[PDB]
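Given as structure tokens, the chain that follows is alone and in the form deposited in one PDB entry.
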């Protein structure tokens, strides 16, 4: 009983070109206490990253970046060698952790195995400028300028107070003075050090003035986004997660204006569904795959340079869960990122939906792939409506579909893409071949499902 909608692809309606390093992940800086985690020996986690993209960015930072201390003198402890640092829950101070040379050496090997680039947090909330300069120098020495994309000087400095790291009076002017002291110290040790900031959610009292003041000193603007609003908000449900988020649209417009004003591109350096490490029954469900895959394309269409989904440990919202000792597994959100991975890079095209007011949470994105083939990514985020999509504007002898599926929107497991789960070490191949019947094509999609179409 599907809602019958039209999708019109326009090869002449050119959007943004998706860069090859758009995808990415974000982790807590505390995880650097364990030299076995980001290590060339961690072949399982490296494989999960390679399946998400041949290029991509690993961001290390988060709330734990204010509680983590580089020590050039130190060696990892026995406890460090088993630490699994999941997303910080933001209720109280994180434990103090130490980063060692060995952990940085191992990170460099992990980046070589994955092919990903690095955004590395430095400790401006509690550390010293001179120790930041020393840490930056060792990271540059060992990771190298080609793989290091940016240092960041503090995570979410607008929330230092709420987290008890600065007094209530801390404001942009105070942070700018700290940023400049750190920047100057680091550039004495590392004259080519690249920076990004301010590593927080778009706002008018921090991110806009940061860009104006530091536009010649950073390579790009770094923003955060959680779909969950303030603690007072109508609480996050799956139903709400599938709906447009007007705050996201406004903050994105704000970042585009900053780019117009300053020349600085923007990257979403930390995002996930719900804050405080996620919400059980929302963040760890198949709805999060639909949400994440759709977000990747929404932000790419808006001109973002990339994204980094926060995670680690066994956090509710982590894309990849696990440890070196116990192994790693793809959680539901991973599968939305995997659909984006399989689509590949290229230039976005016009893809207009009609007759869709009874299926309003269906989204669609059309792509001219770098290999010249047209792809369409569809997210049927309607929880109660199947759709039948009449596709016009594509001329091809053959279309195939890979489906992103689970039996219920709130499933924590049972998620497949292309008729297969992801296996060990990120192993994935499609197991189900489905042609799209065809001028025009007609695609059915179940309620709460996704699809990737590829045309020959």
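So that the term is clear: the rigid core is the largest set of C-alpha atoms that superpose within 1.5 Å between two forms. Numbering follows the first chain given and starts at 1.
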Open item on the list: At a threshold of one third of the other compared entries, does residue 231 come out as unmodelled?
Closed with: yes
Task: Length class of the unmodelled deposited segment, which would lie between residue 438 and residue 439 - done: 1 to 3
TODO: Mind pulling up the entry and telling me whether 382-390 or 194-202 has the higher mean Cα temperature factor?
DONE: 382-390
- [ ] Mind pulling up the entry and telling me whether 223-231 or 317-325 has the higher mean Cα temperature factor?
- [x] 223-231
Task: Candidate residues 113, 310, 126, 256, the one whose C-alpha B factor the record puts highest - done: 113
- [ ] Check the PDB entry and point out which of 117, 181, 267, 247 has the largest C-alpha temperature factor.
- [x] 247
Open item on the list: How does the C-alpha B factor of residue 77 compare with the rest of the chain: lowest, middle or highest third?
Closed with: highest
Task: Within-chain third of residue 293 by Cα B-factor, per the entry - done: lowest
TODO: Comparing against every modelled residue in the chain, figure out the third that the C-alpha B-factor of residue 9 lands in (lowest, middle or highest).
DONE: highest
Task: Third assignment of residue 273 from its chain's C-alpha B-factors - done: lowest
Task: Within-chain third of residue 187 by Cα B-factor, per the entry - done: middle
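The same protein has a further form, the form deposited in another entry, not shown here; the description that follows concerns it.
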Open item on the list: After superposing on the rigid core, which residue out of 309, 206, 297, 275 has its C-alpha displaced by 2 Å or more between this form and the one not shown?
Closed with: 206
TODO: Answer yes if the CA of residue 191 moves 2 Å or more between this form and the one not shown after aligning the rigid core, and no otherwise.
DONE: no
Open item on the list: After a rigid core superposition, would you say the CA of residue 168 moves by 2 angstroms or more between this form and the one not shown, or not?
Closed with: no
- [ ] Tell me, please, whether between this form and the one not shown the C-alpha of residue 232 is shifted by 2 Å or more, with the rigid core used for superposition.
- [x] yes
Task: Sense of CA distance change between residue 88 and residue 76 in that other deposited form, threshold 3 Å - done: farther
Open item on the list: Distance change of 3 Å or more between the C-alpha atoms of residue 326 and residue 78 in that other deposited form: closer or farther compared with this structure?
Closed with: farther
